[PDB]
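Coming up, as structure tokens: structure 1 and structure 2, two forms of one and the same protein chain.
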Structure 1
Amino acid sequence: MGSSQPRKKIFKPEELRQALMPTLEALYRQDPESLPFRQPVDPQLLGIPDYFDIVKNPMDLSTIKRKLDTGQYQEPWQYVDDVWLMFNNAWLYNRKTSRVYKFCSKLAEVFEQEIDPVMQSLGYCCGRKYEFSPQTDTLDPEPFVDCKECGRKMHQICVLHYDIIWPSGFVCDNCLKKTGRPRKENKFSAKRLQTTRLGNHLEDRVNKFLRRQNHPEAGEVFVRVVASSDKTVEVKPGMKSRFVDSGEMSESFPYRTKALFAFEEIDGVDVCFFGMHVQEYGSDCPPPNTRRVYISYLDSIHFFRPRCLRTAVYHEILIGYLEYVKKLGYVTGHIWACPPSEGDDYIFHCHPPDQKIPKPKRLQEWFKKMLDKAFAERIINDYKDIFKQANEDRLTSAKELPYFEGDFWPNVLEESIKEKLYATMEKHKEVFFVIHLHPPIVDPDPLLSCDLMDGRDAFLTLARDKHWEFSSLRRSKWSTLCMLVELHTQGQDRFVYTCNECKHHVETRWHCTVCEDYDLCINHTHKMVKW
């Protein structure tokens, strides 16, 4: 296996030592925390024959200092990787309550805030050793990539490099200030996802809302509908033979499901922070589902900036949804406020460890607060929970309850035929909402075939494979970076162009500077370029 990198950056021992050992010194100065670490662990002094069967590679301050003094480190990452082995040996062998487990953690905390700046003016991203959170003994490591001119290794996630975006390879940031080069534009951006009138309504709505507070840290939000597709919900086999063979409810119900996500600009790059799947039952769907929308799933990662605006924006999105479908012609909407099972994530592959999953009452209350200003903003006229609504309308048949795909009710009914039930309704009153917003329906928006977001399973699965975690701000940015590459490139629709006056087909064409999607034939107010 041969090596080439003609003008590599090589660090001479004194360069490395002179820069890196200010950091080792900070660790030695921690008294008493550092004293079990100034020496290699001696299992016969400590009475733990355990150790070398458990820790297959001991490491300690003294060893790292001698490696540093003799020059056994060629690249700084080897120095960094050795102390993390020292910490990792500590955190492993010892119980999470040990004294030296803690000592270590204080040492880890100081090495974290010392190594990052040093490694940065050595031209590197951080001085951290990163590994992906466990899946179903081993962890997978964060990827690295090497600058095409430096040869110096950096965290793929730290510098957000992706070959599909920049196919000429990765080149570092100061080798571009010396190249005179600025980095080519990332054209695979959340904003540049295909725009739709639904998506525009919600981003246009929250955007000046955020200006309504004008907090300095706020950045742009892009809302995009990334998948849209006509589906049919089959009536499940219990109610199957008892209501449709009779002919009182339909065999299937046609709906249009959409998946839609919201992104914010953080540190200059798209971060995805909200996702939702809806079911829209139009005006030719027969009773009981006619003119009804339903929120299958909703999920969130909390890194929205600033956090004192976070939830407000979730609401304005939801508010904007009912505002949008009201006008298109929908009349009632239906929420099942059920908080995530397990450590089961609804949409996003791996939530932050310290993001709290609400108690159902908290989420119920949340949805009630959300609804209260839809009423007040003159948007919906009111809303009840399912019983102050079911028997206000005096429902008595099992066939009158809206019948949605994957909803609770189709399956409680499903094997209540197998074996009473108005009681199983009334226990779960506050988890199911019914929203009154108020001539056929028209979805102006086209259909977006994008299998990845055709239901929540495709996206979760692919992130698990590819370690697109939403665990931290930095991992969030990286899996947004790649989520968007998947949406842009391997979506299932490719585009025929039309010229807005001529009805006609175009390939050669002129496009407006500012119009949302406006081309016109060579065969007007706007500045146009030839595309």
Structure 2
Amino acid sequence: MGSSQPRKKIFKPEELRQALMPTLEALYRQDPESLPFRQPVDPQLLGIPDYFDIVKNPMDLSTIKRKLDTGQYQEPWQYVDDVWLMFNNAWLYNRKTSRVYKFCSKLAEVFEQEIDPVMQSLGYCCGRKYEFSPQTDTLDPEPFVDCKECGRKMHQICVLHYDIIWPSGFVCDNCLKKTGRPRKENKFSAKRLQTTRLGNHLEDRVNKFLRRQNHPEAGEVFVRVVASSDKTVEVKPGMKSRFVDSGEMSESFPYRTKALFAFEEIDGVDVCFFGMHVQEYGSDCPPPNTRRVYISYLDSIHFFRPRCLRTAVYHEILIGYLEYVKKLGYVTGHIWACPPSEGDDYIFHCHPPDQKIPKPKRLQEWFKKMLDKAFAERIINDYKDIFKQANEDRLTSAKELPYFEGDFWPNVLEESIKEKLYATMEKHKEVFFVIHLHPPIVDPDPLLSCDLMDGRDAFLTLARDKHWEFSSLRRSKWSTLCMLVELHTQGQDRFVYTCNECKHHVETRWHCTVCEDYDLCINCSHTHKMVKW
């Protein structure tokens, strides 16, 4: 059951006691906070028989000091794991509203700010014990990665190492200095994802907005449409009997669904902070969906830096989408303002616990605000709620309402099987918007095949199993890194190239470095720099 480590860094018991003792001394200094921790818990003194059956592996300050003094810690993580054990035992056993629970939380705060620089001085990422957020009484621990030259154990999420990107294995920054050469480039970046004219439009509008703000904390934003496919919304049986038998309305409605994401560079790395799924009903779509766009899903992670420009950037993305679909030929936008059902997430797997879920009222206000800005910029000609709109156009039948995939209305019309509807439209106050944007529509962007981003479910399921949470800036940095690999490899397979001015399938091609997509034949008729691929 062997293995070889050629230059394994190891610590002498004096190095470890010298570096780790100041952090233990800092815990002991907390008075009277450290007092119920300076010795083992005696359930005979406290009257708690329950204790040892709850706390399987007891731990206290005296035991850690004894272990340190006798040299029982061989590696620094051994020490930090025992300090975190003592904290977790106290948090597990005691009530959140108890003296010793609060004492524990204070000691943990001190340990966090003391052990981080200490572990960092020993060549480590940090000194935290990390466990992943609950699922479906046991938690999954965060992954580790040992260095190929050093042999030291570090948090994979801390170091942002992924074998797929760096297949030669993990080497810590300190060993890379000793080599002399830098860590190789992450070519699975958000910037390197397939560029689309729609994504380009939202990226340019959201980047020119940030240039006007002069914020130093703000980093370059990338908007990429990661999946684009052609689907149809089938008409549900009750409505089918009422309108498709007569021929008054279609059996299915053809739409193109698009999934786009927003990424911001934070601390030199990509961080995904926004995601949106839309449905687009074209020129050849029969009524009642002709020339309409519908935001099916919308989700965000609150790590956009700077925090103040967050909602303002979100509005620029939405307004940019309404602007791009207007110039293509779409005439009506539609928004269903419905905040997420309690725990459940729309697009991003694990939300930050400190990220607030807007109340339906607040969310209705949020969309109203962006639409006011869109109206002021002469992008949107008008916007009204679903009730007010049905009277202005004098709608008399159910076949007149736009019928979207996964929308509330197809289900409302359907549950009138047992059966009042016009009252239900008024019932849902400002939760249904109608946006007025004003020659067939011709989408210049090619269909991007990506099963992960074909439906909200595929990405949510994969991130749930792979633990790609979006609950902290460090975990979101990791999840973005892994998500980008999945998109890059599930999009690498789809690469059929044709000549832009001849249409024949070409293998060797000249690509323009200035254009978005410019691949011509072997012969060359152009201005900007072309490159042989």
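In this text, the rigid core denotes the largest set of C-alpha atoms whose superposition between the two forms falls within 1.5 Å. Residues are numbered by position in structure 1's sequence, first residue being 1.
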Point of rigid-part switching between structure 1 and structure 2, i.e. the hinge, among 354, 342, 180, 494: 494
Degrees turned by the smaller rigid body between structure 1 and structure 2, as judged from C-alpha superposition: 7
Cα displacement of residue 208 between structure 1 and structure 2, once the rigid core is superposed (Å): 1.1
Angstrom shift of the Cα atom of residue 460 between structure 1 and structure 2 (superposition on rigid core): 0.2
Following rigid core superposition, Cα shift of residue 505 between structure 1 and structure 2 in Å: 4.3
